[PDB]
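Residue numbers (PDB author numbering), protein chains in the order written: chain X, 2 to 79; chain h, 17 to 119; chain i, 7 to 56; chain a, 1 to 99; chain Z, 1 to 227; chain o, 238 to 314.
Quick reminder that beta carbons are idealized off the backbone N, C-alpha and C, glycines included.
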Amino acid sequence: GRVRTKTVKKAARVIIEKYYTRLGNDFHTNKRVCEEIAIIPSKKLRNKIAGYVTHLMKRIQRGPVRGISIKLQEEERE
Amino acid sequence: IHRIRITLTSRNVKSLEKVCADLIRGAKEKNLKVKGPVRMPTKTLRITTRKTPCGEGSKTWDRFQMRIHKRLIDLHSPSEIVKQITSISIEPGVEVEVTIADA
Amino acid sequence: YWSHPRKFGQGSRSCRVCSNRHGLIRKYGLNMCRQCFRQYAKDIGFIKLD
Amino acid sequence: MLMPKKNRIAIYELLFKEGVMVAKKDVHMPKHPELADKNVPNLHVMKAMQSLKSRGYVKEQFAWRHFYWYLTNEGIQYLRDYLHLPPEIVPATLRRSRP
Amino acid sequence: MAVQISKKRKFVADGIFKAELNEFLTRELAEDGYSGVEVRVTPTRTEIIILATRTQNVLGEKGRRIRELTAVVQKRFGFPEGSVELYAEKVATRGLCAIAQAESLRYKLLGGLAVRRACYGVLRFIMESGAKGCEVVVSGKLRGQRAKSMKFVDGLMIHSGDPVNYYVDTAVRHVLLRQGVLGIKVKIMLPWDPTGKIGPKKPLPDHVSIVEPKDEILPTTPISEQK
Amino acid sequence: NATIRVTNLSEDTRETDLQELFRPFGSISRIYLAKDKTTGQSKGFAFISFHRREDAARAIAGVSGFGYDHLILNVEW
RNA sequence: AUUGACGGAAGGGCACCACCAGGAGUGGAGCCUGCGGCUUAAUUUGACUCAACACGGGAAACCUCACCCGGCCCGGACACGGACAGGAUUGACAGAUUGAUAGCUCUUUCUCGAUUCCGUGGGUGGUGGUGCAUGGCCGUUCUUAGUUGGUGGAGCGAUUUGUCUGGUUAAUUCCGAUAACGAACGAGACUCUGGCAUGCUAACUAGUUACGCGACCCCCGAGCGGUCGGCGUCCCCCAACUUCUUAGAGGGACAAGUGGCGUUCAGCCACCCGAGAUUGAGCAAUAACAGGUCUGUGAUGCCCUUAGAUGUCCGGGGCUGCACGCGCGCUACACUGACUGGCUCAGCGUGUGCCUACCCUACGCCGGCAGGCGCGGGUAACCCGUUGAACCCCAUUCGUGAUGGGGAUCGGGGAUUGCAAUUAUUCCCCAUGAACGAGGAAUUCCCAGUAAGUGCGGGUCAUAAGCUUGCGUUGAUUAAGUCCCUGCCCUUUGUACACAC
Ligand SMILES: [Mg+2]
Ligand SMILES: [Mg+2]
Ligand SMILES: [Mg+2]
Ligand SMILES: [Mg+2]
Ligand SMILES: [Mg+2]
Ligand SMILES: [Mg+2]
Ligand SMILES: [Mg+2]
Ligand SMILES: [Mg+2]
Ligand SMILES: [Mg+2]
Ligand SMILES: [Mg+2]
Ligand SMILES: [Mg+2]
Ligand SMILES: [Mg+2]
Ligand SMILES: [Mg+2]
Ligand SMILES: [Mg+2]
Ligand SMILES: [Mg+2]
Ligand SMILES: [Mg+2]
Ligand SMILES: [Mg+2]
Ligand SMILES: [Mg+2]
Ligand SMILES: [Mg+2]
Ligand SMILES: [Mg+2]
Ligand SMILES: [Mg+2]
Ligand SMILES: [Mg+2]
Ligand SMILES: [Mg+2]
Ligand SMILES: [Mg+2]
Ligand SMILES: [Mg+2]
Numbered sequence: 002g003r004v005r006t007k008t009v010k011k012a013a014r015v016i017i018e019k020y021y022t023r024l025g026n027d028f029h030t031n032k033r034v035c036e037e038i039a040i041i042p043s044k045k046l047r048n049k050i051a052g053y054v055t056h057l058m059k060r061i062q063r064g065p066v067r068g069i070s071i072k073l074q075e076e077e078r079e
Numbered sequence: 017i018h019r020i021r022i023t024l025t026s027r028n029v030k031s032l033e034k035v036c037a038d039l040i041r042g043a044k045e046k047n048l049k050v051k052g053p054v055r056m057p058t059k060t061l062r063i064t065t066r067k068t069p070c071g072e073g074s075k076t077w078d079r080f081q082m083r084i085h086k087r088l089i090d091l092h093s094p095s096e097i098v099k100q101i102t103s104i105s106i107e108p109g110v111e112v113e114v115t116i117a118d119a
Numbered sequence: 007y008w009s010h011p012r013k014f015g016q017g018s019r020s021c022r023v024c025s026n027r028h029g030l031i032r033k034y035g036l037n038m039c040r041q042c043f044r045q046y047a048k049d050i051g052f053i054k055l056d
Numbered sequence: 001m002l003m004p005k006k007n008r009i010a011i012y013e014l015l016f017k018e019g020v021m022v023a024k025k026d027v028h029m030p031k032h033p034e035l036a037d038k039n040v041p042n043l044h045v046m047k048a049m050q051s052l053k054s055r056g057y058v059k060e061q062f063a064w065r066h067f068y069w070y071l072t073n074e075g076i077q078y079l080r081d082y083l084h085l086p087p088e089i090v091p092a093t094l095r096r097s098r099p
Numbered sequence: 001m002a003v004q005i006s007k008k009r010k011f012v013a014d015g016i017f018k019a020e021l022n023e024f025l026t027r028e029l030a031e032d033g034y035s036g037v038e039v040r041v042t043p044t045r046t047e048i049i050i051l052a053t054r055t056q057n058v059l060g061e062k063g064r065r066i067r068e069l070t071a072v073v074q075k076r077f078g079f080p081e082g083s084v085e086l087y088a089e090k091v092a093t094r095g096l097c098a099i100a101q102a103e104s105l106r107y108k109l110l111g112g113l114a115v116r117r118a119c120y121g122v123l124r125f126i127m128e129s130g131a132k133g134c135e136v137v138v139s140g141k142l143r144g145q146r147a148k149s150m151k152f153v154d155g156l157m158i159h160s161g162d163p164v165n166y167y168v169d170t171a172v173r174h175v176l177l178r179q180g181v182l183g184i185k186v187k188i189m190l191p192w193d194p195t196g197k198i199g200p201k202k203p204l205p206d207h208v209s210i211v212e213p214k215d216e217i218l219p220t221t222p223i224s225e226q227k
Numbered sequence: 238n239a240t241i242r243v244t245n246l247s248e249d250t251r252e253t254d255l256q257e258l259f260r261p262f263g264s265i266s267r268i269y270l271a272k273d274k275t276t277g278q279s280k281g282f283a284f285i286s287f288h289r290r291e292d293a294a295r296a297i298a299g300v301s302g303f304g305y306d307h308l309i310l311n312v313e314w
């Protein structure tokens, strides 16, 4: 199916909004960060959340995605 | 001095492994040659019954099962020292069986 | 009175809960009816893992 | 029912000595496990306790093909006057507490 | 010694002993708030720990009833005399115990009380005792001579998966009445609490909990302290 | 403040036995036996102040469980 | 006017309990087994489309047993009254009698010693009735995606928005549009299991590798030669180690990386690296159904019966009866085979029992076989056991013939279990040798270690599997789609329906 559910997406979004300064586009370092900063009860949910976090950080670079509010708004002086 | 063998049996892995850890740590603190935990093959006892009390339905079955885990510890020490290695807060679902080099 | 031999068969064995002679489970030394087993399984220690 | 007086005296003596009486619902067991030395059938234990329960001298419980009987405070006085016991002898359960 | 038995038969026999002892105590100490039994093996004695709400009636009159229970347990299960001691202990919180609450609802129904006020009272007590959710289902001949089932829910109640084995405790009981038998199902969802006896330790497996970031005042110009 | 709440006490239990029970941990200051009004026995509660907040903090983990007079007693702050 | 249900309405979606492409079939034959009918003393009975019919764990010789024939027993508490140590009343050897060595009944008299007997009330027991009085459990709708509050918007409400045009997904799974926003149950997550680790923790109840001893083979004189499930290094070094085995902790996979499509969104397709890019199950919502079970229960209401008993025990019979009609299956119709011999490989898992009698078996000796007699191991990673399984593989015979295919039916004999084998329990040997030449109309189940072939354990079990439940072994054809058929779900639409035409 490969369709991530609401728990994965909502958790990923809150993780990004609170810890944007510590996530790159690297699934393994993201996985380690999300296992340090969150309390995820399993390892499959940890991996799915880190995967969606990686996929979203690969979209933050190409414009503000609808749903995430971060400090990146300030640097848009234009 | 004998070849004392402690056999620990349980239905859950957590308490069994923690009792094994306590015994090994207590025995290592008092300088014993401890041949550590040997793990025998877990026995799975399986009973498959019909779900229904009557004899009507879609013929579905119920698969109950119970695992039994077994651990061994080999000490080479006098009896009175193993009498204080053991007797330290054995968990409920664990059962020990000392064999003092003879039946 | 109780003259007939009852050393084997369904007559010899009965459930240890209800004394019913049908559906008896003798495996591992239970001697329990299938329904009584299905009721007391969790108390005995038979979890339903799969 | 009809049982020898020795059997009834033995059953009552054991019941008053402990204060409890356990039996198995099996009318064909030839000897009761606790009274085997006096050779009483299980049926006599079951029916003597039935005759005691209907008069209100024992409380009865039943679980998993086994009867349990406790000796009430009327049964104590009854069996004390029946067995001709001096009123100092006490059942094991009642009044044998320990500080 | 002469008695030796395979580990399979031994574990099944131990489970059967615990099941029969629990059934006997459930029938015997029903109106005393009996919740559970725990058999603890010690080198000198065998301790049967009875969990009850009203442990003073379990103890009896100056210890009489606990002595009678000890005597029947010894005489039925064939323990050596003096090797089995029965202790009673009070359950910590009564609201988070489905067996105690099912028995409470049972005895409230045995006395003359209406089924709806009794279920609402039990449900309100369970919810006020810290439960995340509760469900009480009473089925039987409630209104007339055509049976129906009335359920009363308040709060969260999970049903499926593995968490329903440690976050939910259920209890089924019967109530013999003049016109029939009533069935009482009570199930309570315990609250999460780390390092506590109120409920489970491990959280629900789909409850991510992000730790709040510390306030991070940023630096302006590099500085270093030579301590 | 040396607060000890003994629970699950027996009817036989009086001030003296609680005294002799907590005496191997030291000296006492104030026993409080929650007796029944107009009826001479306990209601299942005892409030103990041990004149020092440290040895009571040792005895809470000591006299826990213990099965006194066929009643397992739960002690708490 | 609203909510449900229905329409021999109109649009979308989904499913090998639906189809398409196919595989194996079933339906045809013989037999095993369940149901109906018929017969009978009785042939106990529940259930009838899926959701009845190898189902009641239901493979019934006795028991089970509920049915039929016949005969004992009270295991009729307790209360009241009567009779009673001048005996209330229990047992009983002999003859008859009986199926009986039931003192059941009769003659005969002994014995027992307040426990009983007899009337009235009241118990108790019941695989008796009612599952359309019920509890629990189970099945089904439906394992499909469905269900419901809080606040806010819309109305006198009932109701309704959320819960949606569309895209996507296994999924009311998400993304988007947007009077909704934020949530809950179900789905997912979760638990068990399968696949990976020469990394960690360890092991004479698992082994490997070295070393030593021994047997055998070549050889010229041969060898850091080859074979060894032969022995030993467990007397503590006089060897180390964990690859294989076991099982703990962690790690590991996330559509993560690269292209392409897509509203550059959720996602989909392909590929690299990888053990693995969809392992298989368990659990499983709100509402229901006069679904099944009173024959699982010391779960249970009411009714029936209760001593010439529908309690209970014993003896015998029956469930199995046989012109016939169905359902689940097993064996086959042969040469891609049968027969004879030879050679080589498994994985689950069980094993001496409270009452309870009944375990798995190595090795030796008799017998042609089933079997018998000795003797030892095992309460089990210790013994059976390196579980020498079958199909398969290698050679021989046969030769397209109802044949050396098939093994029904039937005759004779020998053993085992049991207290008892006839209406054949099961097993073995010789003999007989039927239909059946690939099965009409219809119809089932299924997509990867899957179908199918092939054996082995468990349950039942004193005796026993053509059943079921698991396990490995050899191992594919076809497909990566659709709404045509059969059903479900949603939306619009009509209603004189709300116990749903
Ligand atoms: Mg959920
Ligand atoms: Mg799930
Ligand atoms: Mg087709
Ligand atoms: Mg076939
Ligand atoms: Mg056929
Ligand atoms: Mg269906
Ligand atoms: Mg048979
Ligand atoms: Mg016969
Ligand atoms: Mg019969
Ligand atoms: Mg007679
Ligand atoms: Mg005679
Ligand atoms: Mg009954
Ligand atoms: Mg029904
Ligand atoms: Mg029902
Ligand atoms: Mg509103
Ligand atoms: Mg019906
Ligand atoms: Mg029932
Ligand atoms: Mg009979
Ligand atoms: Mg039949
Ligand atoms: Mg069928
Ligand atoms: Mg042939
Ligand atoms: Mg022929
Ligand atoms: Mg078998
Ligand atoms: Mg069968
Ligand atoms: Mg079809």
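Supposed close pair residue i, residue j - CB separation, criterion 8 Å
i       : j       : result
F14(i)  : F80(h)  : Not a contact, Cβ separation roughly 27 Å.
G155(Z) : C134(Z) : 6 Å
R83(h)  : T64(h)  : That pair is no contact at about 16 Å.
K90(Z)  : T244(o) : 7 Å
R87(h)  : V54(h)  : 7 Å
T93(Z)  : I198(Z) : 7 Å
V110(h) : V50(h)  : Actually they are not in contact, since the Cβ atoms of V110(h) and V50(h) sit about 18 Å apart, beyond 8 Å.
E13(a)  : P91(a)  : In fact, because the Cβ distance is near 11 Å, the residues do not count as touching under 8 Å.
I20(h)  : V112(h) : Contact doesn't hold; Cβ gap of about 12 Å is too wide.
Where residue i sits in the DSSP three-state scheme
i       : result
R267(o) : strand
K44(X)  : coil
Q61(a)  : strand
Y120(Z) : helix
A52(Z)  : strand
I198(Z) : coil
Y70(a)  : strand
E113(h) : strand
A36(a)  : helix
Rounded separation between residue i and residue j - CA only
i       : j       : result
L2(a)   : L177(Z) : 37 Å
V4(X)   : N165(Z) : 28 Å
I89(h)  : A36(a)  : 45 Å
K8(Z)   : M56(h)  : 14 Å
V12(Z)  : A88(Z)  : 26 Å
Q74(Z)  : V58(a)  : 19 Å
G111(Z) : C119(Z) : 14 Å
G56(a)  : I76(a)  : 11 Å
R54(Z)  : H174(Z) : 21 Å
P205(Z) : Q56(Z)  : 40 Å
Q50(a)  : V72(Z)  : 18 Å
Spell out a yes or no on whether the region 149 to 157 of chain Z and the region 72 to 92 of chain Z are touching, meaning 3 or more CB-CB pairs, one atom from each, closer than 8 Å.
Counting Cβ pairs under 8 Å, fewer than three are found: no touch.
Say whether the region 281 to 294 of chain o touches the region 247 to 261 of chain o, bearing in mind that this needs 3 or more beta-carbon pairs closer than 8 Å, one atom from each stretch.
yes
For the region 123 to 131 of chain Z and the region 94 to 109 of chain Z, state whether three or more C-beta atom pairs, one from each stretch, are separated by less than 8 Å.
Yes: at least three Cβ pairs fall under 8 Å.
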